[PDB]
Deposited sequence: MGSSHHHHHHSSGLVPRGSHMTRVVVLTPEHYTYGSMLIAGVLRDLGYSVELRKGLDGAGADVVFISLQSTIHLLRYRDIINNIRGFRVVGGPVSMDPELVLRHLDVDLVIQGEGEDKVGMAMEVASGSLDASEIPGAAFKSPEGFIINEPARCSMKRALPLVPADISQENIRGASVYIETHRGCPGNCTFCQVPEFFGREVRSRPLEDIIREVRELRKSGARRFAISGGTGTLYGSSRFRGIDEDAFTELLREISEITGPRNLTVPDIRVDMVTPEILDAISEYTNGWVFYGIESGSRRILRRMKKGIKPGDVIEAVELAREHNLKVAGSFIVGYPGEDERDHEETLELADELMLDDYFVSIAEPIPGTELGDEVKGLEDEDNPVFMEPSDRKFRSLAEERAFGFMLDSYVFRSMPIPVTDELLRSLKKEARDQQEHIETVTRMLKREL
């Protein structure tokens, strides 16, 4: 009857949509990678291009949702789909089914085309009470799953669409809902779990005073009592939203890793990214994490528009001084609908490091050169230095090249080239 399709991976959003359709009373299948109505969950912009042919060849009533829906014009440009639902879609799939079985222009967040242009409705927020996800029988073959704990983020990172997709107010799920969902996923075969939904430490937070360390500690404790502490992680932590109690809870109830989003060591680029942090904040957060005996990983973004060699040098200096336990390096991705996407869509190739000339012609661009250089230097920066070999060098080269290709493709898609 109804089939929910998601490429490459079993995403939490696809499982949630399938579970909502199941609770509504429909016969639902959740497959990775046909029916009368097909709900298509797309998580990356490049999915609009990589799977254009097979999606346009799917029979039946096709409905597309997910993060890519934040730019419905791009989706409808690449995909001849009956309906696109923007934003949260828990309370929208029933009306979409009634449309497939009701006028599509009456669904909040709906977006479709017609011989006289586009009909694009305003999206709306959903209640945090919703159906259990449909867990496929082979979820153990998939960390295994990202559990959403809260929705929305007060941040303003130009490279993130969460504040625009889910809102700027933190809406925390009921703790018992999270516990029951984790219990069900564990019964179904899932063994490794990651928190998700906005920055990690803002669960149970308030609009008036923000961080609630006791709520975060309680969340971590109650989840670890179901999963085991070694099987739980928290992936996105802001350096300005940590306390000693938060770090103690991470140490006692998770695998002991704190994943900071540092992005850059240049104060100028940090201001341009609207991260709301400065290098001193990162240094203090790493020091406080070390004092509580945590493992520390840091996420960095290279190739941001306007980043000259001075900014990259400052980022490398900071990364060396931090001596983190692990480093992750990514090339800036201009997500459509974000401030970074708006800035890159009008940026000429001579000003975009993804299309700027590198000093070494072995690299396809300056951004790939900086990415590979950072990735290589990280193995001599980290607290446990790894002797660089030819195999690791080739692996880093391949990773930088793959990131360069992905970013080039999504940038050319953003500019409608």
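In sequence order, the deposited residues that have no C-alpha coordinates form the ranges 1 to 22, 56 to 59, 128 to 129, 171 to 174, 450.
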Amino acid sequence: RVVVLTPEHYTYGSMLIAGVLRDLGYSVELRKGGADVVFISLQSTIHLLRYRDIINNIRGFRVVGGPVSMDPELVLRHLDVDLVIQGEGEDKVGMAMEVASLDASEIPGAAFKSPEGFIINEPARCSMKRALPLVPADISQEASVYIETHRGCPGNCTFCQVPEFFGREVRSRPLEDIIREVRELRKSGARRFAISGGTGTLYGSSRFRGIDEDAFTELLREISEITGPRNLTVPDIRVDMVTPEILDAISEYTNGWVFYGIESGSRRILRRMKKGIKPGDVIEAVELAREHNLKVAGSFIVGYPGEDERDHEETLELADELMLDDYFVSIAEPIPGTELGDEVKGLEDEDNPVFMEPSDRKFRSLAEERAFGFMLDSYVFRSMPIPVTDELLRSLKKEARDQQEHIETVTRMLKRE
From here on, numbers count along this sequence of modelled residues.
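Taking only CA atoms, the mean B-factor in the PDB entry is higher for 90 to 98 than for the other of 90 to 98 and 150 to 158. Once the C-alpha B-factors are averaged per stretch, 199 to 207 and 111 to 119 rank with 111 to 119 first.
Residues shown: 270, 139, 246, 296. Highest C-alpha temperature factor in the entry: 139.
In the deposited entry, the Cα temperature factor of residue 308 places it in the middle third of its chain's modelled residues. Among the modelled residues of the chain, residue 39 sits in the middle third by CA temperature factor in this PDB entry. Sort the chain's modelled residues by C-alpha temperature factor and residue 375 lands in the lowest third, per the entry. Sorting the modelled residues of the chain by their CA temperature factor places residue 16 in the lowest third.
Per the deposited record, the Cα B-factor of residue 66 falls in the lowest third when ranked against the other modelled residues of its chain.
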